[PDB]
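Notes to accompany the following structure.
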Amino acid sequence: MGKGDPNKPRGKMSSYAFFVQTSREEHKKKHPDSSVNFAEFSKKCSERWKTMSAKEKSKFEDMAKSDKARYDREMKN
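In the UniProt record's numbering, the protein residues as written are 1 to 77.
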């Protein structure tokens, strides 16, 4: 609806975005000569994120809501 703005801030994030952001940071540790683009990796992380349970996904859902609520106390109230 309205993410990129000229002066206003941007939208919020989510747990699905932190998954590829945290899974990509743990790739260079064992992938110095490997091209892991977003699709070449987001395709594999989706197979695990879709099978992951609430016991593991909770670690990403708690980090996404922490920033998602911060946007409510920025332009409104």
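Ideal Cβ positions, reconstructed from N, Cα and C, are used throughout, including at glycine.
1. Start and end of the alpha helix (DSSP H) containing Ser46?
2. Check whether the stretch 4-17 and the stretch 58-69 touch, using three or more Cβ-Cβ pairs below 8 Å as the test.
3. With DSSP as the reference, label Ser58 as helix, strand or coil.
4. Alpha carbon to alpha carbon, how far is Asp72 from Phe60? Give it in angstroms, no decimals.
5. Going by beta carbon distance, what residues of the same chain come within less than 8 Å of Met13, once the five residues before and after it are set aside?
So, from the listed chains and residues:
1. Looking up residue 46 in the sequence shown gives position 46. Start and end: 38-51.
2. yes
3. Stepping through the sequence shown from its first residue, residue 58 is reached at position 58. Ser58: helix per DSSP, three-state reduction.
4. Start at 1 with the first residue of the sequence shown, and residue 60 comes out as number 60. Start at 1 with the first residue of the sequence shown, and residue 72 comes out as number 72. Spanning the two alpha carbons is a distance of roughly 19 Å.
5. Position 13 of the sequence shown, counted from the first residue, corresponds to residue 13. Around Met13: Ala64, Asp67, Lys68.
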